[PDB]
Amino acid sequence: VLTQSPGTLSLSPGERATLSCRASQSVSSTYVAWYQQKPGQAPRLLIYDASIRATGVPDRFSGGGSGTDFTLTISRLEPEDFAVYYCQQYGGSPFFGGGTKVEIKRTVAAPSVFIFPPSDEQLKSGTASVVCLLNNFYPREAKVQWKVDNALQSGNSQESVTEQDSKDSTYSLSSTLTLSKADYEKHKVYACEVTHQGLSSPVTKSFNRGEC
Amino acid sequence: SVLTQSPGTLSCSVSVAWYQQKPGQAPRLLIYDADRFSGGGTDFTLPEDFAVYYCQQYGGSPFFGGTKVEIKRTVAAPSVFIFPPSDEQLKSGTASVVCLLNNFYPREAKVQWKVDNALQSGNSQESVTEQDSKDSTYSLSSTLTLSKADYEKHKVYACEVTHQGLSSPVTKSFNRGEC
Amino acid sequence: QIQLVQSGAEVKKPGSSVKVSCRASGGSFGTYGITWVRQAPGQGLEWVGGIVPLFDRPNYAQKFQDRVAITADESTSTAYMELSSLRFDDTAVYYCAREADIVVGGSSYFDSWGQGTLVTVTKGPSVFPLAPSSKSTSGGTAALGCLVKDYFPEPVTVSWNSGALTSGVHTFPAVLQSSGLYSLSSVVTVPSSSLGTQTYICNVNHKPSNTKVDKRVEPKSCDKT
Amino acid sequence: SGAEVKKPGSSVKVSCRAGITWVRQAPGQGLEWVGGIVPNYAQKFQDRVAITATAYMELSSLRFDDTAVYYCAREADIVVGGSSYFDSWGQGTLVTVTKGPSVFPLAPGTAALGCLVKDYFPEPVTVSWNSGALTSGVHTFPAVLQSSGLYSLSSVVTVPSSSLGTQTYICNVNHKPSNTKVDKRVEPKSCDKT
Amino acid sequence: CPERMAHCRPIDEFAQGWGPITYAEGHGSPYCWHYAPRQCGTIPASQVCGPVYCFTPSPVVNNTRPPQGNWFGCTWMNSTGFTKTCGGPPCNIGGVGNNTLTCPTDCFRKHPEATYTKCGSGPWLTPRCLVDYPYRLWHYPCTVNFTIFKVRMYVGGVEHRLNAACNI
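Residues numbered from 1 in each chain as written, not as in the entry; some residues may be left out. Chains lettered and ligands numbered in written order. Heavy atoms only, no water. Residues with missing side-chain atoms left out of burial classes, pairs and counts.

Its PDB record attributes the structure to cryo-EM, giving the resolution as 3.8 Å.

Next up, the structure:
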């Protein structure tokens, strides 16, 4: 009769999460109560009637709903919010709901950016290379925009990433752009911008002045 | 069209030679123009044998072609141990008879829990050891349950074994049900 | 709001009864209902029953009727819950709770819970001696072991000589039976002059049921020398 | 042996001391026919290879697919314009058509340095730093192929050497097939701004 | 209160339900809950005095059960200080005993199957509870000390939130 849509859920501190309990058929006359179970302790009451908060709980946990789809919004998450939240309707048809899981074990790493124009031994052999390196990023989702001479220079720009660190998924990205020596001249202001979950301000790593 | 790369007994214009390369050594001349390596032939056919056999044709259109096969020829034959029911089992009822097989190499064997002349199969649950950590020598345990009333008035059970190393069937039949 | 929820029958046997208790220290017993809610090891909370010890008419969930009896004793300030016809699924922890407002035929929201008590339903293994039936035993290494059966919780261990003869010990995986009770038959091939004797004790220790047994398995008949 | 080390577009000369037939084969692949001379060149092994005879094979216009073991073998029966069955073979000159690793200096508190190795056809490559040191902070991105077909392996290190390069920071690159180890010095430059 | 609660009867009247429970109307003819009302249809609206509030149970100013409309029943004061009662058939429990209880309200212990909607007539929820209303004291002066509480009754599917006075 009552079920929770989100199933499993995982987030990181400072996030907004929503849990939805479905009142299948009857409007039920606005009766709801939400619980929070820690990994071993007894459940505690958070809301009753879906609109009135309990005593001792912060305002962070909110309630709302009218007719169906009563909600429990968890804004500004904290490390101490790992718990399998439970839903029940009381009144004339008391029956608990499903248990949505929650995981608070999450962390992020911000890449550090820079560039390597090897020279003083490459110009003689041709095929000058530009290597952009990103260090210590947690998620494996990295894209590099090569705004060489402004705009972009997509195409001959390969990417590589480390396998694993054995402690965290803090890999690094090496983006290599190979350009012939002749084409190198008449061009300036090379750079490598990064799209990634770095949660950082404008990142524009640009080097210029050429090989020499 | 391309003749074939069959082996994946090896089979390789009406128009041949067969070679053998070890993991590091040089190919050696085994068969030319098509005694263990007895080849012959269109559609030519060809522990110290692991190698990558190679086939080629020479003459007016000499060109090379494209196995990794070897021979094992080593197995383990099962040994039969029969566990009757406990003297306390009859008192508690629901007697069990267990067949046990030891040291067989290929994970393949069938056991027919015969009662007198009836091939009972309703209750016969089989389990096997995971792995021996040195070879695929698994040991079988086939349990057959039967009620005490069904125990009485019957005798001469049997747990036959059929396995790759057949070596002719062996019948270690548990007889004299009253003992 | 001080619940002294009694640890009742921690270990039981299938088909038997359990008589758990809850106590409400302080306040005025006879004005707020006591509600019993259970939860399996990992699962969701399931309503079980409740009582209001002023209107003597305990309520039970539709699926817990004719099988649960909830009583309260005003004199001693104690609410007992008698659950009958135990099944292997009943393994769970049965909390205690207070009903915020009295209800007649309905329920309410639990304000202050109590300590969770474990009530494990288990059936300890029934060892049985597997004889060294030899009749001209094969080779010179007879086959011995200990049969186990009729234990629902999975974990189980088999030892030998309180730890010895680790060379030749097979312990097959557990295979379900028709009734839902596991089984096992750990065998050994020990050449103790091709017989038993010495001291062969298969110290099976099924931890969940708290039962460690030592059965001496030797030639169990006039024959089998 | 012949030329264990070569470079793209160059040539190799292999000496075989006793019709001699040269038969190549990649590291893991099937045998292929190069050519034979009696004291004939395959369809794809003509206009790029010269056979002369001792017997020597002069392969020119090296390519990254050329890595193979150019065995030496003879033919049981003399054949004019064709081939035969190779009876007795010769030791494999591991003519590892490999552009031995070509290190370069990647110039820069904590700073990140490195050396970019390119044109390394055979995969095996090992990078070391200061003859073994700074084990915490040594990345060696495994490899990637290029348009030509030569792997590009680049390592990068970070070391806060008191905001100045004092120790001899040298990336030790080792490449067994090429039989050459280059430890090029890396340090802040007077030019080559990054 | 004089000679009303002094020796009416114990609240734990003996005898239980020997078996199935059916309906009965003994025409019994209320200081204490040990009483039996009678089903009265059309009445002469001449001698009735004061309020005629009747118990749905939710008090409202030929009674019938909520499943069949109307109300369970009610009581009134009329004439020279005479109390009259009426309602559905006085619920009776099949059993034996010298003083078998003809349950006029809910009675669980003496009979497991007795729910108010099926076994109650007047304003007595439980042997020691009453549905409070302005004239409750005017009608039952022996129940001054009872303490008030708030309760929820589910009759059929309808929920009634009402205050009830019970001894404690």
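A. Highlighting the interface of chain A and chain D. At the junction of the two partners, chain A supplies 28 residues and chain D supplies 22 residues. The contact between chain A and chain D buries some 2,100 Å² in all, and 61% of this surface belongs to carbon and sulfur atoms. Considering only the surface of chain A that becomes buried against chain D, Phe116, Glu121 and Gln158 of chain A emerge as the three largest contributors, covering 25% of it. Our count for the contact surface shared by chain A and chain D stands at 0 salt bridges. Where chain A meets chain D, there are 3 residue pairs in polar contact. (Contact = heavy atoms within 4.5 Å. Buried area = accessible area lost by both parts, 1.4 Å probe. Salt bridge = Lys/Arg side-chain N within 4 Å of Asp/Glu carboxyl O. Polar contact = N/O pair within 3.5 Å; in protein donor to acceptor, adjacent residues only side chain to side chain.)

B. Layout of the pairing of strand β5 (residues 55–59) of chain D. Residue and element names in this part refer to chain D. Of the two faces of β5, the one lined by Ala55, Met57 and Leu59 is fully buried and the one lined by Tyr56 and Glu58 carries no buried residue. Two strands pair when backbone bridges link them, and strand β1 (residues 12–16) and β5 are joined in this way by 5 bridges, in the antiparallel orientation. Bridge pairing in β5 links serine 15 to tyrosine 56. For strand β4 (residues 49–52) and β5, the ladder comprises 4 bridges, and the chain directions are antiparallel. Pairing of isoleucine 51 across the sheet is with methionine 57, part of β5. (Buried < 20%, exposed > 50% of the residue type's maximum accessible area, 1.4 Å probe, protein only. Helix = DSSP H or I, 4+ residues; strand = E, 2+ residues; numbered from the N terminus. Pairing = 2+ DSSP bridges.)

C. Quick look at the domain arrangement of chain C. Residue and element names in this part refer to chain C. If you check the domain split of chain C, you get domain 1 (2–121) and domain 2 (122–218). Centre-to-centre, using C-alpha coordinates, domain 1 lies 41 Å away from domain 2. The interface is formed by 7 residues belonging to domain 1 together with 4 residues belonging to domain 2. A buried area of about 470 Å², summed over both sides, lies between domain 1 and domain 2, and 69% of it is on carbon and sulfur atoms. Of all residues in domain 1, the largest losses of buried area upon contact with domain 2 belong to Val11, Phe88 and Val121, amounting jointly to 75% of the total for that side. At the boundary of domain 1 with domain 2, the tally comes to 0 salt bridges. Our enumeration of links across domain 1 and domain 2 arrives at 0 residue pairs in polar contact. Elements with a contribution of two residues or more to the side of domain 1 that touches domain 2: β2 (11–12) and β11 (117–121). Looking at the side of domain 1 that touches domain 2 residue by residue, the class counts come to 4 nonpolar, 1 polar and 2 charged. (Domains from an automatic or database assignment. Nonpolar A, V, L, I, M, F, W, Y, C, P; charged D, E, K, R; others polar.)

D. Spotlight on the state of the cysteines. Per the stated rule, a full pass over the model turns up 15 disulfides over all chains. Note on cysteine connectivity: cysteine 22 of chain C is disulfide-linked to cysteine 96 of chain C, with sulfurs 2.0 Å apart. As the torsion about the S-S bond is roughly -105°, the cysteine 22 of chain C-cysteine 96 of chain C disulfide counts as left-handed. Taken together, the positions of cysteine 22 of chain C in strand β3 (residues 18–25) and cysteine 96 of chain C in the loop between β9 (92–94) and β10 (97–98) put the pair 74 residues apart, joining distant regions of the chain. With a relative accessible area of 0%, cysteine 96 of chain C lands in the buried category. Through a disulfide, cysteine 91 of chain E is tied to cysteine 119 of chain E; the S-S separation comes to 2.0 Å. Every disulfide takes its handedness from the sign of the S-S torsion; for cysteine 91 of chain E and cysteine 119 of chain E that torsion is -95°, giving left-handed. A residue pair is termed long-range when its members are at least 10 positions apart, and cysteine 91 of chain E in the loop between β5 (82–87) and α1 (116–119) and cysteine 119 of chain E in helix α1 qualify at 28 residues. (Disulfide = S-S within 2.5 Å.)

E. Structural detail: the side chain of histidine 196 of chain A. All names here are of chain A. Assignment of secondary structure puts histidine 196 in strand β15 (residues 190–196). Overall, the relative accessible area of 17% leaves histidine 196 in the buried class. A polar contact of 3.2 Å, which involves the side chain of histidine 196, links it to the backbone oxygen of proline 139. Those residues in contact with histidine 196 that sit more than four places away from it in its chain are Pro111, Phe137, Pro139, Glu141 and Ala142.

F. Focus on the layout of surface pockets. In this structure, the largest pocket occupies an estimated 1,300 Å³ of space. Lining the largest pocket are 45 residues, and of these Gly92 of chain A, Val104, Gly105 and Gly106 of chain C together with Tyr154 of chain E sit closest to its centre. Of all the elements in the fold, those that place two or more residues in the lining of the largest pocket are β6 (59–60) of chain C together with α1 and β7 (147–155) of chain E. A total of 3 residues in the lining of the largest pocket trace back to one element, the largest contributor, which is β7 of chain E. Class assignment for the residues of the lining of the largest pocket results in 21 nonpolar, 19 polar and 5 charged. (1 Å grid on protein atoms, 1.4 Å probe; cavity = no way out; pocket = protein on both sides within 12 Å on 5 of 7 lines; lining within 4 Å. Points joined across faces, edges and corners; volume = space filled by probe spheres on them.)

G. Region of interest: the domain arrangement of chain B. As far as domains go, chain B holds domain 1 (1–73) and domain 2 (79–163). The centre of domain 1 of chain B, based on its C-alpha atoms, is set 47 Å off from the matching centre of domain 2 of chain B.

H. Main features of the nonpolar core. If you look at the biggest cluster of nonpolar residues, it comprises 65 residues, and the most contacted ones within it are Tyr35 of chain A together with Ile34, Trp36, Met81 and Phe110 of chain C. Residue contacts for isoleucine 34 of chain C: discarding those within four places in its chain leaves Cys22, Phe29, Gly50, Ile51, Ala79, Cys96, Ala97 and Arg98 of chain C. (Core = buried A, V, L, I, M, F, W, Y, C linked by side-chain atoms within 4.5 Å.)

I. Molecular detail of the sheet that holds strand β8 (residues 84–89) of chain A. All names here are of chain A. Sheet architecture is open: 5 strands sit in the order β5-β4-β3-β8-β9, paired in antiparallel fashion. Looking at strand neighbours, the two that pair on one side only are β5 (52–53) and β9 (95–96), the edges of this open sheet. Across 5 bridges, strand β3 (residues 33–37) lies against β8 in antiparallel orientation. Within β8, the position partnered with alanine 33 by the bridge is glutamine 88.

J. Geometry of the sheet that holds β5 of chain D. All names here are of chain D. Pairing is antiparallel in the open sheet, where 3 strands are placed in the order β1-β5-β4. Each edge of the open sheet carries a strand with a single partner, namely β1 and β4. On average, adjacent strands in this sheet sit at an angle of 15° to one another, irrespective of strand direction. (Axes fitted to C-alpha atoms, helices over the stretch in contact; angles between N-to-C directions.)

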